[PDB]
Structure formats: structure tokens, C-alpha cells
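Student:
Residue numbers (UniProt numbering), protein chains in the order written: chain A, 172 to 227; chain B, 3 to 24; chain C, 601 to 649.
Here you go:
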């Protein structure tokens with residue numbers, strides 16, 4: 172069979188990552204309600220649960 | 003001769019303070 | 601007339617509002633954006649000659 176016995180899923184490699192994730196142009200930035208801001212720009216936001224990853 | 007600052011006031015809501023969309 | 605000083609130490613103190621960690625992160629994200637720069641005059645501004 173040569174190929175791995177179940178298709179991989181997870182994160183992504185650098186070649187896919189650069190074809191995804193093109194720079195985001197945010198017009199009228201921070202205009203809406205909180206809870207609809209682009210929160211996953213924030214480098215320590217735990218996007219699974221709308222909370223920010225502390226040290227504790 | 004030149005003091006200034008952001009101001010378009012509101013008090014505490016029926017919630018009073020801190021939760022900040024109406 | 602003989603006055604003198606010595607400095608034994610300098611320390612920097614700083615104090616933080618203990619703001620809720622996702623709220624402060626929501627404020628931070630708003631203030632890191634080029635539409636929202638902080639700005640200030642010299643509070644009684646001139647060129648002094």
C-alpha cells in the first residue's frame with residue numbers, strides 16, 4: 172500500500188500554511204460588539220472556549 | 003495652554019458598570 | 601556652604617489595575633491597532649528661548 176494506514180489530521184505544514192493565512196485586511200477595525208471581534212488574532216487566545224491562556 | 007481627552011459620557015446602565023454592550 | 605547628598609539606591613515602582621484577563625486582552629488588542637494610537641501634547645507647550 173505504501174501510504175500511511177489512516178489519513179493524517181492535525182495542524183498543517185509550512186507550504187500549506189503560507190497558501191492559507193494570507194495577511195488579513197481589517198476595515199473599520201474593532202467596530203462591532205465584543206464577542207464579535209477577530210479574537211483569534213490575539214496570540215494567547217484559547218479559541219476552543221473564548222478564554223485567554225494564563226500562566227496559572 | 004492645551005489640556006484635552008476622550009469624552010462622550012454614560013453612567014452605569016441597569017447592570018450598572020462593566021458589561022459594555024447595551 | 602558645605603551641603604552634600606549621597607544616593608544609596610533608586611528603585612522603580614509600578615502599579616496595575618487587576619483587570620480580568622480576557623477583558624485586558626480585549627483592551628490590549630484594541631490598543632495595538634494603528635487606528636487607536638495614544639497621543640499627547642506637552643501639557644503647556646511652547647519652544648523656549
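Don't be surprised by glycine CBs; every beta carbon is placed ideally from N, CA and C.
Pick out whichever of 200(A), 183(A), 199(A), 198(A) has its Cα sitting closest to the Cα of residue 192(A).
Tutor: The option with the nearest alpha carbon to residue 192(A) is 183(A).
Student: For residue 208(A), which residues of its own chain have a beta-carbon under 7 Å away from its beta-carbon, when the five flanking residues on both sides are left out?
Tutor: Cβ neighbours of residue 208(A) beyond the five flanking positions: 201.
Student: Check the Cβ of residue 5(B) against every Cβ in chain C and list those closer than 7 Å, keeping chain order.
Tutor: Residues of chain C passing the Cβ test: 643.
Student: Would you give the residue range spanned by the alpha helix (DSSP H) that residue 188(A) belongs to?
Tutor: It spans 185–190 - the alpha helix (DSSP H) in which residue 188(A) sits, taken as one unbroken run.
Student: For the candidate residues 204(A), 213(A), 226(A), whose alpha-carbon lies nearest to that of residue 633(C)?
Tutor: The shortest C-alpha separation from residue 633(C) is found at 213(A).
Student: Between which two residues does the alpha helix (DSSP H) carrying residue 621(C) extend?
Tutor: Start and end: 621–631.
Student: Does any CB atom of chain C fall closer than 9 Å to the CB of residue 218(A)?
Tutor: False, the Cβ-Cβ gap to chain C never drops below 9 Å.
Student: Who are the near neighbours of residue 19(B) in its chain, counting only those whose CB is closer than 7 Å to its CB and skipping five residues on each side?
Tutor: Counting only Cβ-Cβ distances below 7 Å, and skipping sequence neighbours, we find nothing.
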